[PDB]
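The structure appears right after this line, and notes come after that.
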Amino acid sequence: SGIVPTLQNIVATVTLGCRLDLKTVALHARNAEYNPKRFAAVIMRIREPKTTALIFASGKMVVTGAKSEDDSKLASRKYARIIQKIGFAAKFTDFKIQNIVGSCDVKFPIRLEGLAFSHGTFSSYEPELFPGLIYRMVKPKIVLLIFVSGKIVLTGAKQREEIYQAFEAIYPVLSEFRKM
Amino acid sequence: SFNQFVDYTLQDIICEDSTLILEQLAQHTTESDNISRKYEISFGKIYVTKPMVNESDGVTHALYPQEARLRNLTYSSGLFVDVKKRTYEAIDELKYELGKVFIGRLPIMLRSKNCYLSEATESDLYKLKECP
Amino acid sequence: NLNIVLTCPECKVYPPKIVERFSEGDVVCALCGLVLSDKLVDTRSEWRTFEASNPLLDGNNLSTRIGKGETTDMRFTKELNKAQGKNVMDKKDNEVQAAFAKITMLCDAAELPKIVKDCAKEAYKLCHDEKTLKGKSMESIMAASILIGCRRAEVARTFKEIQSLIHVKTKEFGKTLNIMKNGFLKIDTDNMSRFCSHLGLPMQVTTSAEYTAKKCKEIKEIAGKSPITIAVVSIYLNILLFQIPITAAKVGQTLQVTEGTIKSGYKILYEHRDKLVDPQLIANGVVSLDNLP
């Protein structure tokens with residue numbers, strides 16, 4: 001294909017192994033918002049790497065927004081370090097990436113309804129609901145959002161390799177339905 | 001006979017029982033109780049179009065006796081009645097206040113007032129593929 | 001094992017039609033030219049209204065409902081109408097029946113066609129069973145049997161308008177649109193009939209809107225626009241170029257879109273207006289005069 005999808009977002013979970021007083025975290029950490037009435041967790045953001053963590057009373061958290069596996073682990077470590085610095089027996093445990101999202105640009109337009117009619121068992125296209133075509137790939141198990149513009153969204157991957165393999169697999173069919 | 005029924009009889013049938021009311025009187029415990037209401041539904045003037053037909057593709061248009069006989073349709077016109085919906089309310093004796101609807105298709109008798117062929121001249125009927 | 005055959009016997013061919021005859025019957029082969037039984041079964045002679053039954057859900061029986069003027073039911077009417085009203089509580093009698101009675105009330109009120117109006121209600125009884133991510137709301141899957149029920153002809157829809165009617169047009173309608181696909185895409189000239197009928201325009205305007213919209217697409221003038229939008233747009237070009245015009249608020253209102261949106265596609269196709277019309281199109285107002293928008 002000659003193109004390599006760009007990783008745009010990585011979601012990871014981390015068990016800090018120790019109960020937390022969310023009310024206290026929200027009070028001593030900067031850039032933290034806590035509104036239990038709507039979500040039972042403290043939302044905290046940091047600038048390097050630019051990410052957002054969801055911290056729970058159970059001591060477990062979700063780190064989002066990271067653009068690489070390293071930034072994800074690194075950011076996760078900083079959040080844990082803050083929880084500690086606040087006064088908890090937090091530890092960096094069970095780090096695990098749960099989802100990777102990537103995007104592409106094949107540069108050419110795509111006749112989506114032709115692609116949907118051709119691959120009916122994998123794609124759901126109804127512009128009324130959503131402008132992009134939803135392609136549910138089997139191997140690897142990656143969901144793609146194909147747009148008329150040639151823009152491609154790939155998600156559902158746990159290894160960055162799946163995004164790459166998903167894109168290579170779809171390129172031929174994308175090319176086949178190129179508007180030209 | 002038919003004309004008398006369309007011009008007069010029809011209205012009087014809409015006006016005999018006509019209006020129907022439903023009253024919702026509360027438990028008088030405390031808010032949100034202790035609220036007694038009475039709702040009205042009234043039927044006014046009755047209208048009746050010239051004969052029409054509602055095709056499969058939404059469009060409604062006039063329908064002449066010949067098209068009815070060939071396409072096996074019904075030579076009926078629309079029945080429309082003015083409806084009004086009032087609302088009233090009291091607390092734990094004093095009732096205080098808080099369009100044209102389609103109701104059915106009535107078949108027309110040929111040569112009646114409502115039929116197209118009533119005010120029809122001889123040459124008119126012939127163009128309409130009817131026999132004078 | 002059930003084997004049924006009419007093979008002549010004398011000259012087995014394995015096998016050929018033997019005739020149904022006209023009067024004699026018995027299906028004599030045009031081969032051994034022998035006989036087979038006596039027939040004696042007139043299928044044309046079915047039980048008329050004058051006993052036959054066309055059941056679509058399970059098997060219909062009926063009970064009671066006495067009204068023959070011989071001896072008055074009075075005491076016995078209530079004896080049996082209560083007794084049959086007790087029995088419709090034993091094994092989940094309610095559900096399918098409630099669904100089909102409430103179904104004929106919601107369709108009749110909007111005057112949905114019986115031939116295909118009833119067809120979609122069979123689809124609901126197939127959808128109410130099976131357990132595939134229904135997130136069932138009763139009203140939700142009813143809007144599926146309101147769409148396929150209107151699929152007979154564009155009787156009331158213009159399905160978007162009947163969607164805009166009442167309650168739940170959004171995410172819960174999305175769950176339902178998916179259930180039905182589990183189709184063919186939906187196009188410009190798909191809602192043109194209905195939209196135009198509710199709009200009250202003539203066959204003239206319909207045809208031109210329908211030719212404009214197809215060329216809008218054929219000319220790829222509206223890249224990623226929703227077909228409903230394109231259609232409502234084209235219907236605005238067409239109508240505005242005729243006598244019988246309708247506004248974007250009037251078109252949007254029936255197409256189920258928003259003026260803003262209709263303006264968006266309209267303005268995209270306007271610059272090709274000339275190449276979009278029918279050719280033999282009339283013109284109460286000409287292209288050089290069409291609203292630029």
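As shown in the structure tokens, the chain order sets the letters A, B, ...; within each chain, residues go from 1, and ligands are also counted from 1 in the order they appear.
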- Query: What's the 8 Å shell around residue 151 (chain A), counting only C-alpha atoms, without same-chain residues fewer than 3 positions away, as a list in words?
  - Reply: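 My reading of the contact set: residues 103, 104, 105, 106, 107, 146, 147 and 148 of chain A.
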If you count only C-alpha atoms, which residues fall within 12 Å of residue 117 (chain A), apart from same-chain ones fewer than 2 positions away, as a PDB file with N, CA and C atoms, in the first residue's frame?
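New file part.pdb:
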```
ATOM      1  N   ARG A 111     -16.236   5.132  -3.129  1.00  0.00           N
ATOM      2  CA  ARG A 111     -17.655   4.936  -3.371  1.00  0.00           C
ATOM      3  C   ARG A 111     -18.084   3.935  -2.292  1.00  0.00           C
ATOM      4  N   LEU A 112     -18.524   4.455  -1.159  1.00  0.00           N
ATOM      5  CA  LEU A 112     -18.931   3.621  -0.035  1.00  0.00           C
ATOM      6  C   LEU A 112     -20.086   2.632  -0.259  1.00  0.00           C
ATOM      7  N   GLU A 113     -21.167   3.069  -0.899  1.00  0.00           N
ATOM      8  CA  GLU A 113     -22.306   2.176  -1.116  1.00  0.00           C
ATOM      9  C   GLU A 113     -21.971   0.994  -1.997  1.00  0.00           C
ATOM     10  N   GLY A 114     -20.953   1.138  -2.826  1.00  0.00           N
ATOM     11  CA  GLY A 114     -20.563   0.027  -3.666  1.00  0.00           C
ATOM     12  C   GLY A 114     -19.790  -0.953  -2.805  1.00  0.00           C
ATOM     13  N   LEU A 115     -19.003  -0.423  -1.873  1.00  0.00           N
ATOM     14  CA  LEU A 115     -18.198  -1.254  -0.979  1.00  0.00           C
ATOM     15  C   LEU A 115     -19.098  -1.998  -0.002  1.00  0.00           C
ATOM     16  N   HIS A 119     -19.420  -6.076   0.229  1.00  0.00           N
ATOM     17  CA  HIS A 119     -19.076  -6.757   1.476  1.00  0.00           C
ATOM     18  C   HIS A 119     -20.186  -6.573   2.496  1.00  0.00           C
ATOM     19  N   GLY A 120     -21.399  -6.987   2.141  1.00  0.00           N
ATOM     20  CA  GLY A 120     -22.533  -6.832   3.041  1.00  0.00           C
ATOM     21  C   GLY A 120     -22.435  -7.469   4.415  1.00  0.00           C
ATOM     22  N   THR A 121     -21.741  -8.594   4.508  1.00  0.00           N
ATOM     23  CA  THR A 121     -21.613  -9.278   5.783  1.00  0.00           C
ATOM     24  C   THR A 121     -20.654  -8.614   6.779  1.00  0.00           C
ATOM     25  N   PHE A 122     -19.825  -7.687   6.300  1.00  0.00           N
ATOM     26  CA  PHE A 122     -18.850  -7.017   7.162  1.00  0.00           C
ATOM     27  C   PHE A 122     -19.088  -5.528   7.335  1.00  0.00           C
ATOM     28  N   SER A 123     -19.771  -4.920   6.379  1.00  0.00           N
ATOM     29  CA  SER A 123     -20.000  -3.493   6.463  1.00  0.00           C
ATOM     30  C   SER A 123     -21.445  -3.061   6.653  1.00  0.00           C
ATOM     31  N   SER A 124     -21.621  -2.019   7.456  1.00  0.00           N
ATOM     32  CA  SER A 124     -22.924  -1.433   7.727  1.00  0.00           C
ATOM     33  C   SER A 124     -22.799   0.040   7.332  1.00  0.00           C
ATOM     34  N   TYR A 125     -23.542   0.438   6.308  1.00  0.00           N
ATOM     35  CA  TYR A 125     -23.496   1.812   5.833  1.00  0.00           C
ATOM     36  C   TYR A 125     -24.888   2.391   5.687  1.00  0.00           C
ATOM     37  N   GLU A 126     -25.126   3.480   6.403  1.00  0.00           N
ATOM     38  CA  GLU A 126     -26.403   4.172   6.378  1.00  0.00           C
ATOM     39  C   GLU A 126     -26.104   5.587   6.776  1.00  0.00           C
ATOM     40  N   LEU A 133     -18.629   4.389   6.706  1.00  0.00           N
ATOM     41  CA  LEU A 133     -19.022   2.996   6.597  1.00  0.00           C
ATOM     42  C   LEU A 133     -18.290   2.202   7.688  1.00  0.00           C
ATOM     43  N   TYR A 135     -16.812  -1.103   8.876  1.00  0.00           N
ATOM     44  CA  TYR A 135     -16.368  -2.402   8.414  1.00  0.00           C
ATOM     45  C   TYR A 135     -15.837  -3.211   9.590  1.00  0.00           C
ATOM     46  N   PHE A 177     -12.765   0.285  -4.850  1.00  0.00           N
ATOM     47  CA  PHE A 177     -13.929   1.171  -4.887  1.00  0.00           C
ATOM     48  C   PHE A 177     -13.572   2.643  -4.957  1.00  0.00           C
TER      49      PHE A 177
ATOM     50  N   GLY C 183     -29.999  -5.166   3.609  1.00  0.00           N
ATOM     51  CA  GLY C 183     -30.832  -4.457   2.671  1.00  0.00           C
ATOM     52  C   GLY C 183     -30.158  -3.831   1.400  1.00  0.00           C
ATOM     53  N   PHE C 184     -30.824  -2.863   0.755  1.00  0.00           N
ATOM     54  CA  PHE C 184     -30.347  -2.308  -0.503  1.00  0.00           C
ATOM     55  C   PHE C 184     -29.818  -0.891  -0.629  1.00  0.00           C
ATOM     56  N   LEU C 185     -29.596  -0.207   0.466  1.00  0.00           N
ATOM     57  CA  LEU C 185     -28.985   1.121   0.372  1.00  0.00           C
ATOM     58  C   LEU C 185     -29.793   2.401   0.393  1.00  0.00           C
ATOM     59  N   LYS C 186     -30.965   2.428  -0.235  1.00  0.00           N
ATOM     60  CA  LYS C 186     -31.764   3.654  -0.155  1.00  0.00           C
ATOM     61  C   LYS C 186     -31.192   4.732  -1.075  1.00  0.00           C
TER      62      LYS C 186
END
```
- Any idea what's packed within 12 Å of residue 131 (chain B), counting only C-alpha atoms, ignoring anything in its chain fewer than 3 positions away? Could you give it as number ranges by chain? B: 65-66, 117, 120-128
Any chance you can output those residues with C-alpha atoms as a short mmCIF file (atom, residue, chain, number, x, y, z; two decimals), in the first residue's frame?
```cif
data_model
loop_
_atom_site.label_atom_id
_atom_site.label_comp_id
_atom_site.auth_asym_id
_atom_site.auth_seq_id
_atom_site.Cartn_x
_atom_site.Cartn_y
_atom_site.Cartn_z
CA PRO B 65 -67.12 7.36 -12.11
CA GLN B 66 -65.46 5.74 -15.14
CA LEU B 117 -72.10 14.26 -12.86
CA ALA B 120 -73.18 17.93 -16.15
CA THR B 121 -74.44 18.84 -19.63
CA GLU B 122 -75.00 16.32 -22.40
CA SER B 123 -71.74 16.98 -24.23
CA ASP B 124 -70.04 16.96 -20.82
CA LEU B 125 -71.04 13.42 -19.99
CA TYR B 126 -69.87 12.14 -23.38
CA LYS B 127 -66.32 13.50 -22.84
CA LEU B 128 -66.44 11.81 -19.42
#
```
- Item | Which of C:279, C:16, C:293, C:149 sits closest to residue 107 (chain C) [using only C-alpha atoms] | C:149
- Using only C-alpha atoms, which chain B residues lie at most 9 Å away from chain C, written as a count of residues only? 7
